[PDB]
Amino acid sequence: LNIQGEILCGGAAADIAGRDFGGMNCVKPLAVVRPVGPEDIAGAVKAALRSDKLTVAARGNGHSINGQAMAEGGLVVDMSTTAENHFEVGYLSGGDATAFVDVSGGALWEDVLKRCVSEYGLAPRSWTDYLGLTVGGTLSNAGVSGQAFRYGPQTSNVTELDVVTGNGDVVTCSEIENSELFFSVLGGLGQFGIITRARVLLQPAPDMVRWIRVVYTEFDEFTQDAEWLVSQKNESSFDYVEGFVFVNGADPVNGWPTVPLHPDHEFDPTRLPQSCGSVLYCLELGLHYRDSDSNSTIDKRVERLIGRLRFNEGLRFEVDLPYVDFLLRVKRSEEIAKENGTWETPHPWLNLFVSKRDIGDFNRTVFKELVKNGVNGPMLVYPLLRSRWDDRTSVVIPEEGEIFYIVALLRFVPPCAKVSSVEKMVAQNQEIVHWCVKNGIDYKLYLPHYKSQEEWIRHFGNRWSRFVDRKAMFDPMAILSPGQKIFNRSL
């Protein structure tokens, strides 16, 4: 290995690369690599290829839950040291997106957002909720948030990547050049190569955002309205659709206090009808607009667009704050988080896609019964449109329906809870997964984590052969991101 950066063994370095946000694994590698670029990364890969047991896993921000970015006794590539390696904007006359910003696979989304807006007036159009995540990390899964119904997830918003494959080759790919690789890497859980650069689409950045949260007590009403809103003609309705499932109680972390947006308007439960479940549903909406716009004009447009929603009057919270605060709103929960001690404890989260034909059986038992007291955080569930997603990528979504729902229990661990707590949480996630498999629920996990081949073959379904062909082509010794646990390293 010939590297310009600094390698670290043991101590705090190995310690950190041995932990993640989920807090359930501490797998130590032989070393941590700091690549000053693609060659240092290819060096790491090739060392593993000649070696007897070393593997190779790129790390982004560590946000993962189950150790997918770890390499027991192998190499971890600290992509963090390649973050500022790219920032080149170009225009697209091809209609659709305006420009692009070739950015490093190691760049963080929040920093990208700031620089892009604080010097150019352009922004990517498809995001994730949390921005303290890397470009390569989210592009290796899908990158989903509230703009995906309109623009697809982040993997649908890249037009070129530089990748260091499991063969050690440093390559640039797109739909045209080295295409099978391009599509393999997108959503491919780090299995076919490390993403050092991505060509991320940019649209003109909006000025402002009207942030809305309204409340429903009836699911099929909340779900019918949500589907109706995301099914509207492009740019005729909102620019953000979200929402969750909170408990029908005062629990400041699981209940109605988690709904309002600003401190001067709180949730008055005396507006809820007597015949509502132990849980209510919030619909979360975001409308983009320019600061030159007259408030009376904007107010009239919002009423127009919300005029056909069946929520409950008197339980529709809203605020108008700048596009950038609206996008870093997750920093608001990261704060309460640290203030309450759980931002630091284990997070045995649950994330999944449950197609429309099956989301119904989910609110029935899961939300209203299994986790009716909440999981100590948000419980999202917004609809999406399969049409926006390209089946050429390595991504995996439900088998049937032009509309599927993204799911995700944002489980936290109160500082009090015994360690037995995290076991019951994991156990309950496994149970939900069991309940879905046993009832033939067409669900698939997002950020999937399985420990057996038979679970991975089922998850990939008819695309398992393709996932195997791509592996045999781009990482035949199976040295890449072995922590995903889909393929075992070569003997």
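Sequential numbering from 1, following the sequence displayed.
Of the two segments examined, 419-427 and 66-74, it is 419-427 that shows the higher average Cα temperature factor in the deposited entry. The PDB entry reports B-factors from which the mean C-alpha value can be compared for 258-266 and 287-295; the larger average falls on 258-266.
When the C-alpha B factors of 461, 60, 448, 43 are read from the deposited coordinates, the top value falls at 43. In the PDB entry, the Cα temperature factor peaks, among 224, 345, 196, 248, at 248. Residue-level temperature factors show residue 317 in the middle third of its chain, judged at the C-alpha atom. Split the chain's modelled residues into thirds by C-alpha temperature factor. Residue 400 is in the middle one. Per the PDB record, residue ranking by Cα B-factor puts residue 393 in the middle third of the chain. Ranked by C-alpha B-factor against the other modelled residues of its chain, residue 233 falls in the highest third. Among the modelled residues of its chain, residue 333 has a C-alpha B-factor that falls in the middle third, as given in the PDB entry.
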